[PDB]
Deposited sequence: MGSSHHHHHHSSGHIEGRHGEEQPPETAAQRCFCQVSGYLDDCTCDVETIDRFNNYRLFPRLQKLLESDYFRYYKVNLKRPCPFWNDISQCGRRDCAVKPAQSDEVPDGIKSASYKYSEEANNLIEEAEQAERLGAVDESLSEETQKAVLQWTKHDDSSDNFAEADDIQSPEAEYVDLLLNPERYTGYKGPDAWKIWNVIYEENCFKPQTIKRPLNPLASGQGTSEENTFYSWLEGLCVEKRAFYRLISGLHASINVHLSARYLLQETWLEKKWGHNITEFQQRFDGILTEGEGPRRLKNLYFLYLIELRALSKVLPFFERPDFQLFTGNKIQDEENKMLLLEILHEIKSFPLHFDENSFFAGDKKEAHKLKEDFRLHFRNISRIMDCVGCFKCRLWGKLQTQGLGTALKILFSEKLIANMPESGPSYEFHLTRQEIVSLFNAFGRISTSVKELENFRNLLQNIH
């Protein structure tokens, strides 16, 4: 029996760490992995080439995005574009990228260039209560994302590189210096609580957005025809599992609709996330920018969903939905975003088992 207060004051979840760990690592994880490997989810439409709107070696190769798309896929994305063009949806620089050739991992991005980006994403914490207050909750979310990223580079580290062979795997020393309570004076365990906080918030969004995917009108459209329906089935099982986790949110949530207060806040969030997306256009490690764009777009969607209780409830049961919608890009980023957090939670079990 897990419990979140997102009142707006000292936002937090009381939820036994082992319950989250069992749910995520054994019930959710291998099936969620299957879903992210399917065509609908493994390609993400993304613009990696915008100039930095804010200012002006071999980690060049550690950071390079692999842009390969098979001919079939190239053709397949045109089908999808066509299909999304004529349905309920409102040469760019934006191209489909294959996430499976660009796993999130250690890229050697470090030093002031990474510090500066983190500093500016954190300084977006600016909510109306004409003057900014920093929400505790925004802080925790970014911090959980920061934590997840650092967990990934620790867990998928470049351990060894000869003229010849590279070996990736867990780097316990890296993980410990980043996340050990003693070596960090307690900050590491707190950042991992923040990672769990992010995970529960996204978990919550995914459960609250279930009515959207259960409509018969909804489709995971791709190049195949029966695969899409097996994909749809997989997603729904995942969502029903998620909905089954006993997570409870206090009534005082700042997501609950008090009219003027809540809509202003939904819109401050969307504004911060658009900014963060543009901050990503300043990131010179291109895989970091791919995963930075993706995960912030998924986190933004997750929050959208949460502020959208009223729209999702008064949702048509069998029509196409007009009051509320998620694009392809949005759906891909949502599930992939939670996938990264899911994987980070999993990696934490791996590190525990490696530390004995």
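Several segments of the deposited sequence are absent from the coordinates, namely 1 to 30, 87 to 128, 163 to 169, 209 to 235, 463 to 465.
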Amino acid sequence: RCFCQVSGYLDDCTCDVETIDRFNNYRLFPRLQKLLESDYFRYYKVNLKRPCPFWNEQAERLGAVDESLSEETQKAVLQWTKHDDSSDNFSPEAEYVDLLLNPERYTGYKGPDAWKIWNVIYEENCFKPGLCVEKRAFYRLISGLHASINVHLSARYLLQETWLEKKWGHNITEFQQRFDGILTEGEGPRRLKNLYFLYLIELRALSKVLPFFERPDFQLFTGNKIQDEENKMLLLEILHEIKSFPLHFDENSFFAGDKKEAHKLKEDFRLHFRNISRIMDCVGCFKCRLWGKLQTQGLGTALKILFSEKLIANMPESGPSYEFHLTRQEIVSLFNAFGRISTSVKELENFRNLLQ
From here on, numbers count along this sequence of modelled residues.
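If you average the C-alpha B-factors over 272 to 280 and over 226 to 234, the higher value belongs to 226 to 234. Looking at mean Cα B-factors across 332 to 340 and 5 to 13, the upper value is held by 5 to 13. Remark: of 117, 256, 145, 285, 256 shows the highest value [criterion: C-alpha B-factor in the PDB entry]. In the PDB entry, the Cα temperature factor peaks, among 244, 89, 177, 150, at 89. Residue 124: CA B factor lies in the middle third for its chain, per the PDB record. Remark: residue 267 belongs to the middle third of its chain, ranked by C-alpha B-factor as recorded. When all modelled residues of the chain are sorted by CA temperature factor, residue 198 is found within the lowest third. Remark: residue 290 belongs to the lowest third of its chain, ranked by C-alpha B-factor as recorded. Residue-level temperature factors show residue 56 in the highest third of its chain, judged at the C-alpha atom.
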